[PDB]
Amino acid sequence: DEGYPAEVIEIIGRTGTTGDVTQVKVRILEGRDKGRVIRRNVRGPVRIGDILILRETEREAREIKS
Amino acid sequence: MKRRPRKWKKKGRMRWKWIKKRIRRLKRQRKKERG
Amino acid sequence: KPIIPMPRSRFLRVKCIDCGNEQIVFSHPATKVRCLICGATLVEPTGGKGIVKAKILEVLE
Amino acid sequence: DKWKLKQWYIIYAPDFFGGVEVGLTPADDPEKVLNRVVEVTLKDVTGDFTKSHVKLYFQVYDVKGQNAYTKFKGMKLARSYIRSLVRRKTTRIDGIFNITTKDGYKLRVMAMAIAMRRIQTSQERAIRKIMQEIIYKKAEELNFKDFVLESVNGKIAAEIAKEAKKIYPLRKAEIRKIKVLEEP
Amino acid sequence: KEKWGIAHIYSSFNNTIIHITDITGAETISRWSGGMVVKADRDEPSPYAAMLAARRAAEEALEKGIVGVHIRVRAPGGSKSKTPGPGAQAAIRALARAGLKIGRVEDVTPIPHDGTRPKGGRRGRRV
RNA sequence: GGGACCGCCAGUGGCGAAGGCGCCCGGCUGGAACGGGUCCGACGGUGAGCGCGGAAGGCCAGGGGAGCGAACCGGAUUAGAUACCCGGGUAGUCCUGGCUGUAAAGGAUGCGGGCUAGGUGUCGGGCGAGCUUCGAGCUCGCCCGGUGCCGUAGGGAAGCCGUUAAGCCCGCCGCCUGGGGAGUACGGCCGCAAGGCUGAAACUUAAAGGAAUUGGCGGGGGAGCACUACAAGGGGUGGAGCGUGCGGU
């Protein structure tokens with residue numbers, strides 16, 4: 001299980017088709033990109049400062065286009 | 001052969017370009033069989 | 001619009017620099033203006049007011 | 001397999017470019033290495049990052065054993081850089097000229113100028129003519145290598161802008177591309 | 001001396017091709033299309049086929065003494081489209097993530113000054 | 001090697017009588033506006049008859065034929081495909097000489113003069129201020145011409161227009177007289193041809209047509225709603241037997 005936990009800081013807004021996917025900003029707490037801030041999505045309810053587990057750090061979500 | 005703009009409105013009508021062309025084909029064949 | 005057209009061109013009593021020659025010249029010359037004695041140019045024609053080079057003495061209407 | 005049959009030959013930049021080392025190429029035979037174009041950036045040769053946009057193509061032609069010596073094919077500015085310069089409500093003035101150098105190196109150079117605003121065509125003709133005569137001059141007094149380096153630092157573009165101020169200010173004057181057509 | 005090669009990443013809306021060549025671009029090292037890694041023609045341009053094929057070519061290059069790479073992005077160019085396909089970015093990320101030291105990443109789409117009449121007729125591809 | 005084409009610069013730039021006209025240099029020519037009345041002295045305006053050039057495409061003769069692509073040939077889609085999509089592909093699209101005289105060639109607005117509140121930009125010429133690394137190189141006012149946009153009065157069924165008029169006067173030319181029949185029949189003239197320029201009648205019709213109002217609708221566009229919808233989560237119908245209803249007999 002090569003996973004990487006990261007800490008939520010800021011919530012960009014409800015994303016995805018149905019809004020059930022939530023866009024947040026997360027700081028990588030361990031790994032090759034320590035401290036790096038990435039825009040990442042969250043299925044299911046989330047809050048500030050949740051520890052979310054990543055399989056790949058490189059993947060990123062496009063900026064929410066209004 | 002001075003086409004009326006009124007006829008170009010497709011309401012209740014066929015496209016004028018093709019009616020013009022049909023008249024021309026008819027002209028062709030009629031002048032042909034005449035001589 | 002002015003009812004009676006008044007010319008925007010005056011005439012100029014001028015003194016040439018070299019040979020001390022007085023002359024009457026035009027404000028909007030269509031061609032070159034040259035001195036009688038020395039021959040040097042006096043005012044250059046352009047799109048508008050001629051390009052004076054000598055000294056203007058008096059402005060005639 | 002074949003890939004084990006290859007061996008690496010080092011390349012060397014032209015002498016007038018400081019004879020710097022850049023890279024190596026694997027070849028199965030030395031004869032396959034000749035006339036080999038290599039695309040380099042002046043930041044690599046001189047170390048100067050400020051002029052990273054400029055690129056030099058070197059045609060590799062001389063092989064002594066494992067070592068490869070090259071000739072200067074040509075120069076091109078970075079397309080992204082040129083795109084960045086070009087903006088709307090601005091003119092683009094392009095001067096193309098074939099030219100012989102003092103030492104018989106024949107060449108095509110085309111040069112770039114951009115002003116702040118939209119300019120009259122005759123003034124562009126004057127710009128072209130002035131830059132034209134200047135580059136003719138610099139070709140006459142300077143040989144191949146020195147002229148090449150003088151163009152590389154762009155000081156030709158500087159004097160070009162200096163004289164072109166007398167017709168209209170220039171947002172940027174430069175030499176977009178250079179092709180050594182043939183040698184004497 | 002650190003070894004640098006060229007990674008030509010061609011991307012249309014139908015396929016993506018990753019070709020790794022020497023510094024002169026005259027000798028082939030690794031050349032993997034989208035078709036190598038998927039079984040539906042529709043899937044060739046997808047970013048997953050892209051990143052999988054790209055990683056495969058990348059490890060192959062690494063095995064052959066390659067460490068650094070200059071990326072050359074390419075759209076179809078010419079009269080054909082100019083926007084690289086959706087898989088080019090994914091493949092670039094994959095090449096980065098496969099342990100290759102990335103240098104210049106530029107576009108090399110040949111843009112014409114005045115090209116031939118494009119395809120499709122006068123009234124366009126009337127989808 | 002080849003043939004076409006001349007990107008960004010391009011704009012509500014420019015020029016042209018119009019269709020139309022953009023790579024750089026040199027030559028040849030046509031002019032226009034601006035400033036000067038230095039000249040002539042009504043030499044005008046319009047134009048039936050006449051004459052000229054005039055997009056694409058087509059045609060006659062010769063060359064050329066990169067790409068594209070009428071016809072045509074395949075693949076796919078479909079109840080059907082003579083299409084839309086895809087793979088090719090002839091005439092064409094290019095140069096030379098000639099013909100053909102056509103288009104939503106539309107500002108759907110024939111041209112010349114006199115008058116008529118304004119606001120504002122750019123284009124170009126001229127003038128006057130301010131700036132200046134001293135290039136009419138940069139900001140502001142005015143005058144003239146072209147080009148918009150807004151707009152008073154005024155017009156018009158309304159759309160809208162409005163000093164660049166579609167308001168009011170003066171000069172000339174053309175065109176129009178309900179709708180189809182029909183831009184046809186006959187005839188004439190022109191063109192090698194396809195066609196072009198003139199062109200009726202019978203008979204038949206109560207409308208055709210124009211502008212705008214409301215609703216409606218869009219396999220249009222934005223905003224916002226969740227339970228007769230959906231996303232998260234959750235139960236169960238339809239397979240067996242019965243109660244009861246509807247159709248069926």
# chains A, B, ... in the order shown; residues from 1 in each chain; ligands from 1

call {"tool": "closest_atom_pairs", "arguments": {"of": "chain D", "to": "chain F", "cutoff": "8 Å", "atoms": "only C-alpha atoms (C1' of nucleotides)", "output": "CSV"}}
result
residue,atom,partner,partner_atom,distance
D:83,CA,F:8,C1',7.9
D:86,CA,F:8,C1',7.1
D:88,CA,F:9,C1',7.5
D:89,CA,F:11,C1',7.8
D:90,CA,F:9,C1',7.0
D:91,CA,F:9,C1',5.4
D:92,CA,F:9,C1',5.0
D:95,CA,F:24,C1',7.3
D:96,CA,F:24,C1',7.1
D:165,CA,F:135,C1',6.6
D:166,CA,F:135,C1',4.6
D:167,CA,F:135,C1',4.9
D:168,CA,F:135,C1',5.9
D:169,CA,F:137,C1',7.4

call {"tool": "write_last_selection", "arguments": {"atoms": "N, CA and C atoms", "output": "tab-separated table (two decimals), in the first residue's frame"}}
result
chain	number	residue	atom	x	y	z
D	83	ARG	N	6.50	35.42	-30.35
D	83	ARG	CA	5.06	35.54	-30.12
D	83	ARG	C	4.77	36.51	-28.99
D	86	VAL	N	5.12	40.18	-30.10
D	86	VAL	CA	4.10	40.68	-31.01
D	86	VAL	C	2.80	40.90	-30.24
D	88	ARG	N	-1.16	43.33	-30.41
D	88	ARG	CA	-2.04	44.11	-31.25
D	88	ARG	C	-1.78	45.60	-31.04
D	89	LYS	N	-2.27	46.40	-31.99
D	89	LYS	CA	-2.02	47.84	-32.01
D	89	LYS	C	-0.53	48.14	-32.03
D	90	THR	N	0.23	47.26	-32.66
D	90	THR	CA	1.66	47.42	-32.86
D	90	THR	C	2.01	46.88	-34.23
D	91	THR	N	3.06	47.45	-34.81
D	91	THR	CA	3.52	47.07	-36.13
D	91	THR	C	4.59	46.00	-36.02
D	92	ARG	N	4.71	45.19	-37.07
D	92	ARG	CA	5.78	44.22	-37.20
D	92	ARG	C	6.51	44.51	-38.50
D	95	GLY	N	12.77	42.82	-42.17
D	95	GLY	CA	13.73	43.11	-43.21
D	95	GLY	C	14.57	41.90	-43.56
D	96	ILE	N	14.43	41.40	-44.78
D	96	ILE	CA	15.14	40.21	-45.25
D	96	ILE	C	16.25	40.67	-46.18
D	165	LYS	N	15.44	55.34	-33.81
D	165	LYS	CA	14.74	56.35	-33.03
D	165	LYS	C	14.47	57.60	-33.86
D	166	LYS	N	15.34	57.89	-34.83
D	166	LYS	CA	15.22	59.09	-35.66
D	166	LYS	C	14.05	59.03	-36.63
D	167	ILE	N	13.31	57.93	-36.68
D	167	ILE	CA	12.11	57.80	-37.49
D	167	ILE	C	10.90	57.48	-36.63
D	168	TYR	N	11.07	56.59	-35.65
D	168	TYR	CA	10.01	56.30	-34.70
D	168	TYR	C	10.59	55.44	-33.60
D	169	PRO	N	10.17	55.60	-32.34
D	169	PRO	CA	10.67	54.70	-31.30
D	169	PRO	C	10.23	53.27	-31.54

call {"tool": "closest_atom_pairs", "arguments": {"of": "chain A", "to": "chain E", "cutoff": "12 Å", "atoms": "only C-alpha atoms", "output": "JSON lines"}}
result
{"residue": "A:32", "atom": "CA", "partner": "E:97", "partner_atom": "CA", "distance": 10.8}
{"residue": "A:33", "atom": "CA", "partner": "E:97", "partner_atom": "CA", "distance": 11.9}
{"residue": "A:56", "atom": "CA", "partner": "E:97", "partner_atom": "CA", "distance": 9.8}
{"residue": "A:57", "atom": "CA", "partner": "E:97", "partner_atom": "CA", "distance": 9.8}
{"residue": "A:58", "atom": "CA", "partner": "E:93", "partner_atom": "CA", "distance": 7.0}
{"residue": "A:59", "atom": "CA", "partner": "E:93", "partner_atom": "CA", "distance": 8.4}
{"residue": "A:60", "atom": "CA", "partner": "E:90", "partner_atom": "CA", "distance": 10.2}

call {"tool": "interface_residues", "arguments": {"of": "chain A", "to": "chain F", "cutoff": "10 Å", "atoms": "only C-alpha atoms (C1' of nucleotides)", "output": "PyMOL selection string"}}
result
chain A and resi 17-21+43-45

call {"tool": "residues_around", "arguments": {"residues": "residue 33 of chain E", "least_positions_apart": "3", "cutoff": "8 Å", "atoms": "only C-alpha atoms (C1' of nucleotides)", "output": "compact mmCIF listing (two decimals) with C-alpha atoms, in the first residue's frame"}}
result
# COMPACT_ATOMS: atom_id res chain seq x y z
CA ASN E 15 -3.76 9.13 -30.99
CA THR E 16 -0.62 10.09 -29.15
CA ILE E 17 2.91 8.98 -30.03
CA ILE E 18 5.99 9.23 -27.83
CA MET E 36 0.50 -0.39 -28.10
CA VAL E 37 -1.33 -0.11 -24.79
CA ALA E 53 2.78 4.19 -23.16

call {"tool": "interface_residues", "arguments": {"of": "chain D", "to": "chain E", "cutoff": "9 Å", "atoms": "only C-alpha atoms", "output": "list in words"}}
result
residues 3, 23, 24, 25, 26, 27, 36, 37, 38, 39, 79 and 80 of chain D

call {"tool": "write_last_selection", "arguments": {"atoms": "N, CA and C atoms", "output": "compact mmCIF listing (two decimals), in the first residue's frame"}}
result
# COMPACT_ATOMS: atom_id res chain seq x y z
N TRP D 3 21.54 -2.05 -30.39
CA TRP D 3 21.85 -0.87 -29.58
C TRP D 3 23.17 -1.02 -28.85
N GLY D 23 27.35 17.84 -25.64
CA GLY D 23 26.76 16.52 -25.50
C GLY D 23 27.44 15.50 -26.37
N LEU D 24 26.86 14.30 -26.37
CA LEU D 24 27.39 13.16 -27.09
C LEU D 24 26.26 12.52 -27.87
N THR D 25 26.63 11.78 -28.92
CA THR D 25 25.64 11.06 -29.71
C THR D 25 26.10 9.63 -29.94
N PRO D 26 25.20 8.64 -29.83
CA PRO D 26 25.61 7.27 -30.14
C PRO D 26 25.46 6.97 -31.62
N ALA D 27 26.50 6.44 -32.25
CA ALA D 27 26.43 6.07 -33.65
C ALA D 27 27.01 4.68 -33.84
N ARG D 36 25.41 16.47 -39.00
CA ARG D 36 24.37 16.20 -38.02
C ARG D 36 24.03 17.49 -37.29
N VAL D 37 22.80 17.92 -37.41
CA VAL D 37 22.38 19.17 -36.80
C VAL D 37 22.21 18.96 -35.31
N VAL D 38 22.64 19.95 -34.53
CA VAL D 38 22.43 19.97 -33.10
C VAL D 38 21.89 21.33 -32.71
N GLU D 39 20.81 21.33 -31.93
CA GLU D 39 20.09 22.54 -31.54
C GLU D 39 20.46 22.89 -30.10
N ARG D 79 10.48 30.80 -30.75
CA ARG D 79 9.18 31.19 -31.30
C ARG D 79 8.28 31.76 -30.21
N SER D 80 8.33 31.18 -29.01
CA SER D 80 7.52 31.71 -27.91
C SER D 80 7.89 33.15 -27.61

call {"tool": "closest_residue", "arguments": {"among": "F:26, F:31, F:195, F:36", "to": "residue 25 of chain B", "atoms": "only C-alpha atoms (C1' of nucleotides)"}}
result
F:195

call {"tool": "residues_around", "arguments": {"residues": "residue 64 of chain A", "least_positions_apart": "5", "cutoff": "10 Å", "atoms": "only C-alpha atoms (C1' of nucleotides)", "output": "JSON, numbers by chain"}}
result
{"A": [12, 13, 14, 15, 16, 23]}

call {"tool": "closest_atom_pairs", "arguments": {"of": "chain F", "to": "chain E", "cutoff": "9 Å", "atoms": "only C-alpha atoms (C1' of nucleotides)", "output": "tab-separated table"}}
result
residue	atom	partner	partner_atom	distance
F:4	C1'	E:116	CA	7.6
F:5	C1'	E:114	CA	5.4
F:6	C1'	E:114	CA	6.1
F:7	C1'	E:113	CA	3.8
F:66	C1'	E:116	CA	8.6
F:67	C1'	E:116	CA	5.5
F:68	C1'	E:117	CA	5.9
F:69	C1'	E:121	CA	7.9
F:84	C1'	E:126	CA	6.7
F:85	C1'	E:127	CA	7.5

call {"tool": "residues_around", "arguments": {"residues": "segment 178-184 of chain D", "least_positions_apart": "6", "cutoff": "7 Å", "atoms": "only C-alpha atoms (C1' of nucleotides)", "output": "list in words"}}
result
residues 73, 74, 75, 76, 104, 105, 106, 107, 108, 109 and 110 of chain D

call {"tool": "select_by_dssp", "arguments": {"residues": "segment 2-34 of chain B", "states": "alpha helix (DSSP H)", "output": "list in words"}}
result
residues 16, 17, 18, 19, 20, 21, 22, 23, 24, 25, 26, 27, 28, 29, 30, 31, 32, 33 and 34 of chain B

call {"tool": "write_last_selection", "arguments": {"atoms": "N, CA, C and O atoms", "output": "PDB file, in the first residue's frame"}}
result
ATOM      1  N   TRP B  16     -35.995  28.673 -54.768  1.00  0.00           N
ATOM      2  CA  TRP B  16     -36.123  29.301 -56.075  1.00  0.00           C
ATOM      3  C   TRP B  16     -35.025  28.861 -57.035  1.00  0.00           C
ATOM      4  O   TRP B  16     -35.272  28.727 -58.238  1.00  0.00           O
ATOM      5  N   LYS B  17     -33.813  28.670 -56.530  1.00  0.00           N
ATOM      6  CA  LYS B  17     -32.699  28.240 -57.366  1.00  0.00           C
ATOM      7  C   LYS B  17     -33.071  27.023 -58.194  1.00  0.00           C
ATOM      8  O   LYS B  17     -32.853  26.985 -59.412  1.00  0.00           O
ATOM      9  N   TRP B  18     -33.655  26.024 -57.553  1.00  0.00           N
ATOM     10  CA  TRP B  18     -33.996  24.793 -58.238  1.00  0.00           C
ATOM     11  C   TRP B  18     -35.174  24.936 -59.184  1.00  0.00           C
ATOM     12  O   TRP B  18     -35.195  24.266 -60.218  1.00  0.00           O
ATOM     13  N   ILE B  19     -36.146  25.792 -58.889  1.00  0.00           N
ATOM     14  CA  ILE B  19     -37.212  26.006 -59.861  1.00  0.00           C
ATOM     15  C   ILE B  19     -36.648  26.676 -61.106  1.00  0.00           C
ATOM     16  O   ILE B  19     -36.991  26.314 -62.236  1.00  0.00           O
ATOM     17  N   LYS B  20     -35.783  27.671 -60.916  1.00  0.00           N
ATOM     18  CA  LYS B  20     -35.089  28.279 -62.042  1.00  0.00           C
ATOM     19  C   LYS B  20     -34.360  27.236 -62.873  1.00  0.00           C
ATOM     20  O   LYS B  20     -34.469  27.218 -64.107  1.00  0.00           O
ATOM     21  N   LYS B  21     -33.607  26.360 -62.214  1.00  0.00           N
ATOM     22  CA  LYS B  21     -32.875  25.340 -62.956  1.00  0.00           C
ATOM     23  C   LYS B  21     -33.824  24.386 -63.673  1.00  0.00           C
ATOM     24  O   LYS B  21     -33.540  23.948 -64.793  1.00  0.00           O
ATOM     25  N   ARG B  22     -34.946  24.036 -63.047  1.00  0.00           N
ATOM     26  CA  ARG B  22     -35.905  23.162 -63.706  1.00  0.00           C
ATOM     27  C   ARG B  22     -36.460  23.813 -64.964  1.00  0.00           C
ATOM     28  O   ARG B  22     -36.577  23.167 -66.016  1.00  0.00           O
ATOM     29  N   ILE B  23     -36.818  25.093 -64.872  1.00  0.00           N
ATOM     30  CA  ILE B  23     -37.301  25.807 -66.048  1.00  0.00           C
ATOM     31  C   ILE B  23     -36.236  25.786 -67.125  1.00  0.00           C
ATOM     32  O   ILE B  23     -36.536  25.653 -68.315  1.00  0.00           O
ATOM     33  N   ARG B  24     -34.975  25.923 -66.730  1.00  0.00           N
ATOM     34  CA  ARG B  24     -33.916  25.901 -67.726  1.00  0.00           C
ATOM     35  C   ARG B  24     -33.816  24.543 -68.405  1.00  0.00           C
ATOM     36  O   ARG B  24     -33.638  24.473 -69.624  1.00  0.00           O
ATOM     37  N   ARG B  25     -33.921  23.451 -67.645  1.00  0.00           N
ATOM     38  CA  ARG B  25     -33.827  22.137 -68.282  1.00  0.00           C
ATOM     39  C   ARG B  25     -34.982  21.943 -69.253  1.00  0.00           C
ATOM     40  O   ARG B  25     -34.804  21.409 -70.361  1.00  0.00           O
ATOM     41  N   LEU B  26     -36.163  22.411 -68.866  1.00  0.00           N
ATOM     42  CA  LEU B  26     -37.317  22.318 -69.751  1.00  0.00           C
ATOM     43  C   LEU B  26     -37.086  23.132 -71.017  1.00  0.00           C
ATOM     44  O   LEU B  26     -37.392  22.678 -72.128  1.00  0.00           O
ATOM     45  N   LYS B  27     -36.540  24.340 -70.861  1.00  0.00           N
ATOM     46  CA  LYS B  27     -36.172  25.163 -72.005  1.00  0.00           C
ATOM     47  C   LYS B  27     -35.234  24.409 -72.930  1.00  0.00           C
ATOM     48  O   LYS B  27     -35.410  24.418 -74.156  1.00  0.00           O
ATOM     49  N   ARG B  28     -34.214  23.775 -72.351  1.00  0.00           N
ATOM     50  CA  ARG B  28     -33.247  23.032 -73.145  1.00  0.00           C
ATOM     51  C   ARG B  28     -33.949  22.015 -74.011  1.00  0.00           C
ATOM     52  O   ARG B  28     -33.778  21.991 -75.236  1.00  0.00           O
ATOM     53  N   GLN B  29     -34.774  21.180 -73.390  1.00  0.00           N
ATOM     54  CA  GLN B  29     -35.323  20.072 -74.149  1.00  0.00           C
ATOM     55  C   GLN B  29     -36.292  20.589 -75.203  1.00  0.00           C
ATOM     56  O   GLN B  29     -36.351  20.052 -76.316  1.00  0.00           O
ATOM     57  N   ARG B  30     -37.039  21.654 -74.884  1.00  0.00           N
ATOM     58  CA  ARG B  30     -38.026  22.142 -75.840  1.00  0.00           C
ATOM     59  C   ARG B  30     -37.336  22.741 -77.058  1.00  0.00           C
ATOM     60  O   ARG B  30     -37.665  22.394 -78.200  1.00  0.00           O
ATOM     61  N   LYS B  31     -36.355  23.618 -76.841  1.00  0.00           N
ATOM     62  CA  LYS B  31     -35.623  24.158 -77.980  1.00  0.00           C
ATOM     63  C   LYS B  31     -34.941  23.050 -78.764  1.00  0.00           C
ATOM     64  O   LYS B  31     -34.839  23.135 -79.992  1.00  0.00           O
ATOM     65  N   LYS B  32     -34.478  22.002 -78.081  1.00  0.00           N
ATOM     66  CA  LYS B  32     -33.849  20.898 -78.791  1.00  0.00           C
ATOM     67  C   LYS B  32     -34.828  20.248 -79.754  1.00  0.00           C
ATOM     68  O   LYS B  32     -34.563  20.165 -80.959  1.00  0.00           O
ATOM     69  N   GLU B  33     -35.983  19.806 -79.252  1.00  0.00           N
ATOM     70  CA  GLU B  33     -36.860  19.064 -80.148  1.00  0.00           C
ATOM     71  C   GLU B  33     -37.437  19.971 -81.221  1.00  0.00           C
ATOM     72  O   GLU B  33     -37.790  19.489 -82.301  1.00  0.00           O
ATOM     73  N   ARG B  34     -37.545  21.275 -80.957  1.00  0.00           N
ATOM     74  CA  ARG B  34     -37.941  22.185 -82.022  1.00  0.00           C
ATOM     75  C   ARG B  34     -36.921  22.168 -83.146  1.00  0.00           C
ATOM     76  O   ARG B  34     -37.285  22.200 -84.326  1.00  0.00           O
TER      77      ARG B  34
END

call {"tool": "residues_around", "arguments": {"residues": "residue 62 of chain E", "least_positions_apart": "4", "cutoff": "9 Å", "atoms": "only C-alpha atoms (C1' of nucleotides)", "output": "PDB file with N, CA, C and O atoms, in the first residue's frame"}}
result
ATOM      1  N   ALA E  57       7.910   3.752 -22.634  1.00  0.00           N
ATOM      2  CA  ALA E  57       9.034   4.262 -23.406  1.00  0.00           C
ATOM      3  C   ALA E  57      10.083   4.895 -22.503  1.00  0.00           C
ATOM      4  O   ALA E  57      11.281   4.824 -22.795  1.00  0.00           O
ATOM      5  N   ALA E  58       9.656   5.498 -21.394  1.00  0.00           N
ATOM      6  CA  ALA E  58      10.592   6.171 -20.502  1.00  0.00           C
ATOM      7  C   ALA E  58      11.503   5.173 -19.802  1.00  0.00           C
ATOM      8  O   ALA E  58      12.721   5.363 -19.747  1.00  0.00           O
ATOM      9  N   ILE E  66      19.691   6.704 -20.740  1.00  0.00           N
ATOM     10  CA  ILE E  66      19.082   8.025 -20.855  1.00  0.00           C
ATOM     11  C   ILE E  66      18.618   8.471 -19.481  1.00  0.00           C
ATOM     12  O   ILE E  66      18.066   7.674 -18.714  1.00  0.00           O
ATOM     13  N   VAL E  67      18.849   9.741 -19.168  1.00  0.00           N
ATOM     14  CA  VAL E  67      18.483  10.327 -17.886  1.00  0.00           C
ATOM     15  C   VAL E  67      17.649  11.591 -18.065  1.00  0.00           C
ATOM     16  O   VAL E  67      16.578  11.731 -17.467  1.00  0.00           O
ATOM     17  N   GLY E  99      10.870   8.991 -13.642  1.00  0.00           N
ATOM     18  CA  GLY E  99      12.269   9.163 -13.336  1.00  0.00           C
ATOM     19  C   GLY E  99      13.089   9.707 -14.477  1.00  0.00           C
ATOM     20  O   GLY E  99      14.198   9.217 -14.717  1.00  0.00           O
ATOM     21  N   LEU E 100      12.572  10.689 -15.207  1.00  0.00           N
ATOM     22  CA  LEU E 100      13.322  11.386 -16.238  1.00  0.00           C
ATOM     23  C   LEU E 100      13.462  12.852 -15.868  1.00  0.00           C
ATOM     24  O   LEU E 100      12.492  13.494 -15.455  1.00  0.00           O
TER      25      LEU E 100
END

call {"tool": "select_by_dssp", "arguments": {"residues": "chain C", "states": "strand (DSSP E)", "output": "compact mmCIF listing (two decimals) with N, CA, C and O atoms, in the first residue's frame"}}
result
# COMPACT_ATOMS: atom_id res chain seq x y z
N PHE C 11 -0.02 88.42 -45.83
CA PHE C 11 1.19 88.73 -46.55
C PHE C 11 2.20 89.28 -45.56
O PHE C 11 1.84 89.77 -44.48
N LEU C 12 3.48 89.18 -45.90
CA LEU C 12 4.55 89.44 -44.96
C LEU C 12 5.59 90.33 -45.62
O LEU C 12 6.18 89.95 -46.63
N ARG C 13 5.80 91.52 -45.05
CA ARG C 13 6.95 92.33 -45.39
C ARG C 13 8.12 91.82 -44.57
O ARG C 13 8.07 91.85 -43.33
N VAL C 14 9.16 91.35 -45.25
CA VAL C 14 10.25 90.60 -44.64
C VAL C 14 11.57 91.17 -45.12
O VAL C 14 11.66 91.80 -46.19
N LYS C 15 12.60 90.93 -44.32
CA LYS C 15 13.97 91.35 -44.62
C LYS C 15 14.81 90.10 -44.80
O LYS C 15 14.89 89.26 -43.89
N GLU C 22 14.40 93.90 -48.81
CA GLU C 22 13.01 93.89 -48.38
C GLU C 22 12.16 93.20 -49.43
O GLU C 22 12.45 93.29 -50.63
N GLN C 23 11.12 92.50 -48.99
CA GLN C 23 10.22 91.87 -49.94
C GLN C 23 8.87 91.63 -49.29
O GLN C 23 8.75 91.51 -48.07
N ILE C 24 7.85 91.55 -50.14
CA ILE C 24 6.52 91.11 -49.75
C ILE C 24 6.39 89.66 -50.20
O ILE C 24 6.64 89.34 -51.36
N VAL C 25 6.01 88.79 -49.27
CA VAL C 25 5.87 87.37 -49.53
C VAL C 25 4.53 86.91 -48.97
O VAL C 25 3.82 87.66 -48.30
N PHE C 26 4.20 85.65 -49.26
CA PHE C 26 2.91 85.07 -48.93
C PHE C 26 3.03 84.03 -47.83
O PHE C 26 4.06 83.37 -47.68
N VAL C 33 10.13 80.53 -52.43
CA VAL C 33 10.29 81.98 -52.42
C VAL C 33 11.77 82.27 -52.26
O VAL C 33 12.40 81.81 -51.30
N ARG C 34 12.33 83.02 -53.19
CA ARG C 34 13.76 83.28 -53.24
C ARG C 34 14.01 84.78 -53.33
O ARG C 34 13.15 85.56 -53.75
N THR C 41 16.75 81.13 -50.83
CA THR C 41 15.35 80.89 -50.54
C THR C 41 14.91 81.71 -49.34
O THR C 41 15.72 82.10 -48.49
N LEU C 42 13.61 81.98 -49.28
CA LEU C 42 13.01 82.81 -48.24
C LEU C 42 11.95 82.07 -47.45
O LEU C 42 11.94 82.13 -46.22
N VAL C 43 11.03 81.38 -48.13
CA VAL C 43 9.97 80.61 -47.47
C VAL C 43 9.76 79.33 -48.25
O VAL C 43 9.70 79.36 -49.49
N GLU C 44 9.62 78.20 -47.55
CA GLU C 44 9.48 76.91 -48.21
C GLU C 44 8.00 76.51 -48.25
O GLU C 44 7.34 76.54 -47.21
N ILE C 51 7.46 77.86 -44.70
CA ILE C 51 8.49 77.75 -43.67
C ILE C 51 9.40 78.96 -43.79
O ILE C 51 10.35 78.97 -44.58
N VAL C 52 9.11 79.99 -43.00
CA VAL C 52 9.93 81.19 -43.01
C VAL C 52 11.32 80.87 -42.48
O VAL C 52 11.49 80.00 -41.61
N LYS C 55 13.73 87.15 -41.48
CA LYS C 55 13.09 87.85 -40.37
C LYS C 55 11.85 88.58 -40.86
O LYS C 55 11.91 89.38 -41.81
N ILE C 56 10.72 88.30 -40.23
CA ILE C 56 9.47 88.99 -40.52
C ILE C 56 9.54 90.40 -39.94
O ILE C 56 9.83 90.57 -38.75
N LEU C 57 9.28 91.40 -40.77
CA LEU C 57 9.25 92.79 -40.33
C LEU C 57 7.84 93.28 -40.04
O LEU C 57 7.62 93.91 -39.00
N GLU C 58 6.89 93.02 -40.94
CA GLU C 58 5.54 93.53 -40.77
C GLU C 58 4.55 92.56 -41.39
O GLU C 58 4.87 91.83 -42.33
N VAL C 59 3.33 92.55 -40.85
CA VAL C 59 2.27 91.66 -41.29
C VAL C 59 1.22 92.49 -42.01
O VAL C 59 0.52 93.30 -41.40
N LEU C 60 1.09 92.27 -43.32
CA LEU C 60 0.09 92.94 -44.13
C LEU C 60 -1.10 92.00 -44.35
O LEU C 60 -0.95 90.78 -44.38

call {"tool": "interface_residues", "arguments": {"of": "chain B", "to": "chain F", "cutoff": "9 Å", "atoms": "only C-alpha atoms (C1' of nucleotides)", "output": "MDAnalysis selection string"}}
result
chainID B and resid 1:4 6 23
